[PDB]
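Note sheet for the following structure.
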Amino acid sequence: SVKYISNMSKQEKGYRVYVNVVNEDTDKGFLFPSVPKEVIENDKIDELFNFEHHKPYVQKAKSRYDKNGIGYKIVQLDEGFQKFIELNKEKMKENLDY
Amino acid sequence: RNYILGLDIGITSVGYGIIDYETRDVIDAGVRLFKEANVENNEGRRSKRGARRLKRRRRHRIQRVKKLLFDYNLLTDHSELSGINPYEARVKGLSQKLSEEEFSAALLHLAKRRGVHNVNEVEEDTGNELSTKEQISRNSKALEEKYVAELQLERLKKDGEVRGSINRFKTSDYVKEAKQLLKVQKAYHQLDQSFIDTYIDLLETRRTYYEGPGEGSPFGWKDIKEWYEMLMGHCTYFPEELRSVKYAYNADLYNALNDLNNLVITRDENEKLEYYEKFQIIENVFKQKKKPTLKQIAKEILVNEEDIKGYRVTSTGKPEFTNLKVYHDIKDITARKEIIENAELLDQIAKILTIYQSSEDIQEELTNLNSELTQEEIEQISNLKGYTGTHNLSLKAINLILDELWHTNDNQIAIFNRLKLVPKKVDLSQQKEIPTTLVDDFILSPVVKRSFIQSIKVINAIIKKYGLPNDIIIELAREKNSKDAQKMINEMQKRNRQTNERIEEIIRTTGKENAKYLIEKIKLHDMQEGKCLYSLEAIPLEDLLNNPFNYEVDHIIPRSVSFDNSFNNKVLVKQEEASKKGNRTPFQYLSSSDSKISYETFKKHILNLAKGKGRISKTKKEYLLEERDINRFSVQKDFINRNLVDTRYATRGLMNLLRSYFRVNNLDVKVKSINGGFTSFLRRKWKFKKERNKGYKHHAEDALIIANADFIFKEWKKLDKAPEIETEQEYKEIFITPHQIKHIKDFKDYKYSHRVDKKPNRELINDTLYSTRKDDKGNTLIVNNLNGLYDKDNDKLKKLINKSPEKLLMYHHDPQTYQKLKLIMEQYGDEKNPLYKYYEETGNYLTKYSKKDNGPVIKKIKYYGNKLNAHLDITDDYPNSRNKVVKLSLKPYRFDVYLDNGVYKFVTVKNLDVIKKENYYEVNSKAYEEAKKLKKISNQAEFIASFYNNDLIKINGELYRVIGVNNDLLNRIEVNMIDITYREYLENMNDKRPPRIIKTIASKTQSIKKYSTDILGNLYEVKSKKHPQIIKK
DNA sequence: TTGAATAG
DNA sequence: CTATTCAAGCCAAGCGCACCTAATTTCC
RNA sequence: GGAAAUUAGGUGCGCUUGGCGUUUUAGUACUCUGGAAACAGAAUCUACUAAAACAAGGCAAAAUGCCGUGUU
């Protein structure tokens, strides 16, 4: 299984983070409405799934995971949140997410 | 035994479910069924009443001109007016002498068609369409150097016609022409000024809305005072007092003092305004400025604007204060203090300005006050504008509490509280059952009103049969009626012309069943400004019409959690956006990697549309930006507890009626209501099948579900008087118990009650007039018309010509024109309408054959229709008519079944045969006996029964409900089934038979019996009288 | 939806 | 009788009051 | 939940009008016959204009006259 950071949005109460958990069959999407800055700024990946999330949304696994439908480039969870922000900062500004 | 009653109140039905309180077993269930009380029925009545008045009054106008002409010997009974063209006479009379006959013909033509009087101030840019405003404007520019008759005669000579949509003019233009005509003809004929004033009077006068009809009318009134006072409402706190007029002086002073007493001032002294500051604000701001501002209040008590809170506010945000309307209107005319500071006089002026509706009646009644007003002031007061409507309180209430508004800071509700004054409550004491009359006050819609009356009668019959229930639980239907339904088939848009000419063609092509969905997507398309709300991409109207199944209506919050099926939960989006969304909220969907826009972009676009005029709803915004996890059980129970109330006005009124009734007569019945979608919500989670065209029983099923709903909400509250998953499992467990579900599914003693209609003087006959012809065999045939000859989808003329060309009258008379028509049919035979293809390819309409090609356009074609049997002969109204003139479709009142020598027969009573006497109706005995002789019903025959619409008839052992006499001559009657419509009965069998049940009462009829039901569906056989009833009250 | 005529 | 066929008055313009909804302020 | 106010919108009851629409009769145009032509006859199809009737019908009696398809 591979965990991807698919979507992020800077809020006043931390950030909103969407993670896709993908195997060969299924895509399980986790919506984290509020993960704090102390986790996002310091790439503490191993704490992410402690935080409250919505029930995972199950759908068929996609053929590729390069970019989302908004245009952000999808980053593996192991690479960290700062890689996602660094690659997608300008487009996040365009879409009111930064 | 103790029971719980559930009701499903619908547009056409009242379902009742009676189940046991302890066992939860179904005791009884059934449906009471009735016609929809659609407003179009009364609309049609009052439309036809209005059309009769116009026709009577135009005839009376013509006859009064005709009497004027007799009195001045301009007309005799020997006067010959036949060959006079009145356009030519009207034109020539404007500058030369007319003969007496020409002059009379011109005046009578002017009197008959005299124009509009009220459009005349309004003028529009021409958009080239069927509006009378636009046509009045086009004609007003065409008359800048011409009289009406001159323009009409140019149209007659150039275009060959005058009459039609083009022919709409102002009365004032006819009057101009009539004065020029009379100015010339008075030099050549012996008339006087009284002739001219009387004729011009007849030409231009009509009644006003506030005069109403002449003496003796049940719809009329004797004066403007009576008219207005019967229309106006009563005071909230003194229900025998009429409301104050809206702009009475003391009413606006009352409003101003309420506005001031609700202020809170941020300052070292008192938070609230003291008396003398209110005096100074009234006298120096409200009596000096027409529209007072916050800056002027703040300057008068020497604080700044931000030290003042509590003021009413406009939607723009600007502060709003009571305007003193009569004060400033009378002040601009007159600043004398013996007028302007007489509060009683200003109240009287405002009353007169509001009740009376014309300047001259204002002046007369203001003059009758005998005030110190000058005549020149009264003439200026009489032309003030805006004096319309009522205040919700009487002057008694206002003048009662005005002193305490001055010298306390209490507002009106606190003062009426301290005085122990309460709004009126209707007494319900000496009543053995719930009366239907308290429905009449509070309800507005006629559909809901009939449903409520039937619901009350059902409850009264249930209490009468089974005793008092412990719980009555009610659901009212929602989500449209079939009336406003048709108003979207009529209204269709705001930007009417260029778009609605093509949706009208798409909607008319489209069948009536699967076409409400498309108009709802149009409604949502217009409120979303043509944007898919999940992608913010444009939706083309044209693509929405050609490809409607490419755009889906998505529920914002899913039905699995929301149970809301209104416009506040539905949006129009692309098919792929609704597919990718799935079972999610917009927040969950747009935050994923499946979206094309971000949630923040979505939230900004929604919050900007949340503002403004015609804004999106607050509950729509709350659904769209729901951020909670709807899969969590606390959120789901929040959606259930929040949206189960049924907040609607009609429901609150019915609940107050029922709770008041049980409270007053010491009956302990708990009455509750649940919202619309909720029962379908429960069936979506109890696995009740989608196909429910299995009859009217689904209404009683829903009522049974409604009754068990009560159990779910009691056992929840004992659960909430209290290890998380186990508790969720107990809420969800008792919510889902299928024990009663199979108990309802196996129920099979549903009862049905169809409401019987016995009203006389309904529609007698169809309006359309038909001519007739005799063939060689002496048969009389009806002549029918083909019109819309050039409409694109009209294949009627093609099918007629290919099947039976000899039916066209043209075929026999004028065969050369027929040949032209046949040639077009040959040439464009593969098209649906060949004359449309001819018009499209050639630009011309089919003309009558002439050798110089100057034949008139053909626009309708007569053909020989069916043989004439049932009819009303009206030929006597048409003197020297060569053929019969008829009307058709003799609407039947009832049939009376007889048994004559072992053969069943019947007499039809037509609505035409039921004659209004003094205070009742009487079956015509001469028509009845001619019917008996026609049917060969002997005096030895036994009378079996009378059958009205929706009476139950058992024929040869099978029970039906009666529609009506289908065919008197061939002894046929139409019926329908009782538990289902025959249409649905055949569609369940996948049967293609035509969905009408016709029965022939004759020698193959073995048995006829009449049954009946009470309002709950209990069947009993009727013992009929010895004789058919003659009188109906 | 319904009066009611017609072909077979 | 069974199955079919035919067709059924309309739209534009103004006014009075009553009631309802939506938004806003105060209190009960 | 209830009271009052301001604005926008909606519904209903009732009132007042307009121009159509259906039908007959008459005139005119169109078709056919006679005729050099005015015109005459036939046909009653198609159109225009006028006048009249338009839920059957019931009142009333010079009159901005009244009632007749709704609800219970």
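Just so you know, these numbers use all the heavy atoms, side chains as well, and skip hydrogens, waters and symmetry mates. Convention: sequence-line order gives letters A, B, ...; per-chain numbering from 1.
- Evaluation of atom-type donor-acceptor distances gives no pair under 3.5 Å for the side chain of B/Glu763 against the base of E/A55.
- One cannot find a donor-acceptor pair under 3.5 Å joining the base of E/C30 and the side-chain atoms of B/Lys851.
- B/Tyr228 has a side-chain polar atom (N or O) that falls below the 4.0 Å cut-off from OP1 or OP2 of D/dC17.
- Using atom P as the reference point in both E/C54 and E/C66, the two lie 15 Å apart (nearest Å).
- Distance from the side chain of B/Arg45 is smallest for E/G14 among the nucleotides E/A55, E/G14, E/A52.
- Under the Watson-Crick or G-U wobble criterion, with both distances below 3.5 Å, E/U71 is left unpaired in every strand shown.
- If you check E/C20 against E/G65, you find neither a Watson-Crick nor a G-U wobble pair with both contacts below 3.5 Å.
- The six-membered rings of D/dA13 and its strand neighbour D/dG14 lie with centres under 5.5 Å apart and planes within less than 30°, so the two bases count as stacked.
- Within the 4.0 Å cut-off from OP1 or OP2 of D/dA12, not a single side-chain nitrogen or oxygen of B/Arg168 is found.
- The side chain of B/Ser217 lies closest to E/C67 when the candidates are E/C67, E/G65, E/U6.
- Figure legend. D/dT21 is base-paired to E/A8; pairs are counted as Watson-Crick or G-U wobble with both atom distances under 3.5 Å.
- Contacts made by the side chain of B/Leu769 are confined to the minor groove, where a purine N3 or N2 or a pyrimidine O2 atom sits under 5.0 Å from one of its heavy atoms.
- Across every strand in view, D/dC27 sits in a pair with E/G2 that passes the Watson-Crick or G-U test at under 3.5 angstrom.
- Although no hydrogens or angles enter the test, the distance criterion places no donor-acceptor pair under 3.5 Å between the side chain of B/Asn417 and the main chain of B/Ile413.
- Of the listed nucleotides (E/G18, E/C54, E/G14), E/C54 has the atom at the smallest distance from the side chain of B/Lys55.
- Among E/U69, E/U49, C/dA5, the nucleotide with an atom closest to any side-chain atom of B/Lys867 is C/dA5.
- Rounded to whole Å, the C1' atom of E/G21 lies 32 Å from the corresponding atom of E/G10.
- Side-chain N/O atoms of B/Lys891 include none lying less than 4.0 angstrom from OP1 or OP2 on E/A56.
- At a cut-off of 3.5 angstrom, counting only N and O atoms as typed in the model, there is no donor on one side facing an acceptor on the other between the side-chain of B/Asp873 and the base of E/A56.
- Residue B/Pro213 has its side chain nearest to E/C15 when only E/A56, E/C15, C/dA4 are considered.
- Here, E/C30 and E/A38 have their P atoms 12 Å apart, quoted to the whole Å.
- E/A26 and E/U49 are base-paired, meeting the Watson-Crick or G-U wobble geometry with both donor-acceptor distances under 3.5 Å.
- Regarding contacts with the backbone of E/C66, a side-chain N or O of B/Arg57 is found under 4.0 angstrom from either OP1 or OP2.
- A 3.5 Å limit on both hydrogen-bonding distances identifies E/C39 as the Watson-Crick or G-U partner of E/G34.
- With both atom-pair distances required to fall under 3.5 Å, a Watson-Crick or G-U wobble pair links E/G21 to E/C54.
- Note that B/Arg46 lies outside the cation-pi zone of B/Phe219, set by a 6.0 Å cut-off to the ring centre and a 45° limit from the axis.
- Nucleotides of RNA chain E nearest to B/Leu912 and B/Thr322 differ in position, and the one nearer the 5' end is that of B/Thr322.
- One finds a side-chain N or O of B/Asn167 lying less than 4.0 angstrom from the OP1 or OP2 phosphate oxygen of E/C20.
- With 3.5 Å as the limit, one finds a donor-acceptor pair spanning the side chains of B/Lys318 and B/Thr316.
- Checked by distance alone, B/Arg972 brings a side-chain donor or acceptor within 3.5 Å of a matching partner on the base of C/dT6.
- Sparse packing is recorded around NZ of B/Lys807, with 12 or fewer heavy atoms of other residues, nucleotides or ligands lying under 6.0 Å away.
- Base-pair annotation: E/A47 with E/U28 meets the Watson-Crick or G-U wobble criterion (two N/O distances, each under 3.5 Å).
- In this structure, of D/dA12, E/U25, E/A56, it is E/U25 that holds the atom nearest to the side chain of B/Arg882.
- You'll find that the side chain of B/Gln412 is closest to E/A3, out of E/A3, E/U71, E/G68.
- Using a 30° and 60° split on the angle between ring planes, B/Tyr311 and B/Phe321 fall in the tilted class, from 30° to 60°.
- Here E/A3 is the nucleotide among D/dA3, E/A3, D/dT21 with the atom lying nearest to any side-chain atom of B/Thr236.
- Under 3.5 Å, the side chain of B/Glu211 and the base of E/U64 form at least one donor-acceptor pair of N or O atoms.
- As the counterpart of E/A62, no nucleotide is assigned, since no Watson-Crick or G-U wobble pattern has both distances under 3.5 Å.
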Tell me, with the steps shown, if B/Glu763 and B/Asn911 meet side-chain hydrogen bond (donor to acceptor under 3.5 Å, both in side chains).
-> CA-CA 8 Å; B/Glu763 188 182 27; B/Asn911 294 334; over 6 Å; no

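- A donor and an acceptor atom sit less than 3.5 Å apart, one in the side chain of B/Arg996 and one in the base of C/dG3.
- Of the possible donor and acceptor atoms, none in the side chain of B/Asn971 sits under 3.5 Å from a partner among the backbone N and O of B/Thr1000.
- The bases of E/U46 and E/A29 line up as a Watson-Crick or G-U pair, and both contact lengths stay under 3.5 Å.
- Here the side chain of B/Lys112 is nearest to one of E/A51, E/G70, E/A5, namely E/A51.
- For B/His871 and B/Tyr770, the ring centers are positioned 6.0 Å apart or more.
- Distance noted for atom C1' between E/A36 and E/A42: 22 Å (whole Å).
- If you check E/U31 against E/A42, you find a Watson-Crick or G-U wobble pair, both contacts below 3.5 Å.
- Within the shown strands, C/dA4 is the pairing partner of D/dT5 under the Watson-Crick or G-U definition, both distances less than 3.5 Å.
- Of the candidates E/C20, D/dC20, E/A53, D/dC20 carries the atom nearest the B/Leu444 side chain, counting heavy atoms from C-beta on.
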